[PDB]
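One protein chain, two forms: both are listed below as structure tokens, the first as structure 1 and the second as structure 2.
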Structure 1
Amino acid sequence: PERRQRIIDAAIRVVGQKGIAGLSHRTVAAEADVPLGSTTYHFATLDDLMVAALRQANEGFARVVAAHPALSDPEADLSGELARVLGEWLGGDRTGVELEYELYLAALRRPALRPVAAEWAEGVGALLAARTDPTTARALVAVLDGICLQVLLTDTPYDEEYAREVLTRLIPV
């Protein structure tokens, strides 16, 4: 896009290969192939750069969730919907997908990054709480996290059938 985006994109490509540690304005400038000046002009702190990156990723996810209105439809299959939302991104692309999670975590173990790293759970959690109940909402958010790990931690494909199955055991009747 116009260089600010180019920079955020490169920041991402750098972390997705050298980890947050190998992320500097030099690394980014090189990767985005832009003056060092540009990167600092747009992002004073590396944290500002990180935060921007996560916000982009958060919005990336908050987008697929909005593409599943059924999630808040009381007549829809909730677990089926949640398993689809997962499968929709954990499915396929086991390349850039593995990279997106391998930074969601990296982000999490960072003091000022963690709050934005789990924002996805805020939207989902708020939605499931209104749909079901607080305890069920938290339990659901918990297995979602549990399942992504299981998956993105082995040559283990997704398996919606399994996900919906365990998700369903959590929804009360």
Structure 2
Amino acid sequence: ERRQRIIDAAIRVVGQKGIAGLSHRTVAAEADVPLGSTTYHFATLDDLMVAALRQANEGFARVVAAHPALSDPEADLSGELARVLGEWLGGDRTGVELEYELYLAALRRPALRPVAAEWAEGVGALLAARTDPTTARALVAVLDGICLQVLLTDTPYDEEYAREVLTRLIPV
């Protein structure tokens, strides 16, 4: 209800101000509601942060939801992944940056650990179901390193590189 009107205000405030610009006052302003209602639904910011990311996590589903080849016996997995991956990182990255920002905030924010471990959740499940539970962790580990390389160092996205390295891990 309001948790919603105020949650989208958190993703809008991080996307814009980055975590550092997120405070109850900060979101209460976006959501356009009283300071006491923001504080009500979310006692601490860590809660209003898991809310934010737990909702973001969804988006990843909707995505796999849209591409069938991912759950398809053949197609590929690697080509499909490299492909769709270049999409999410395509052009304006205000979305991925807020998502990664939060997810990585689990480095020093304990409350944010459980949600963080629910990252690839939207594929980590699928991959281990398509392959094994050692290749699942693997693939998500390559994706992370591959995505961190682009976002943190200005290196452009190399889809063939990624489509190339993803295969090596996935056995036959």
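Numbering runs along the sequence of structure 1, starting at 1. Only the largest set of C-alpha atoms that superpose within 1.5 Å between the two forms is called the rigid core.
Taking 2 Å as the criterion, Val143 does not count as shifted between the two structures: its C-alpha moves by less than this amount when the rigid core is aligned. Once the cores line up, the CA of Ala32 ends up 2 angstroms or more apart between the two structures. Annotation: Cα of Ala163 displaced by less than 2 Å between the two structures, core superposition.
For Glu119, the Cα deviation between the two structures after core superposition amounts to 1.2 Å.
Core-superposed comparison between the two structures: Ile20 shows a Cα shift of 3.3 Å.
CA movement of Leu78 between the two structures equals 0.6 Å, with the two forms superposed on the rigid core.
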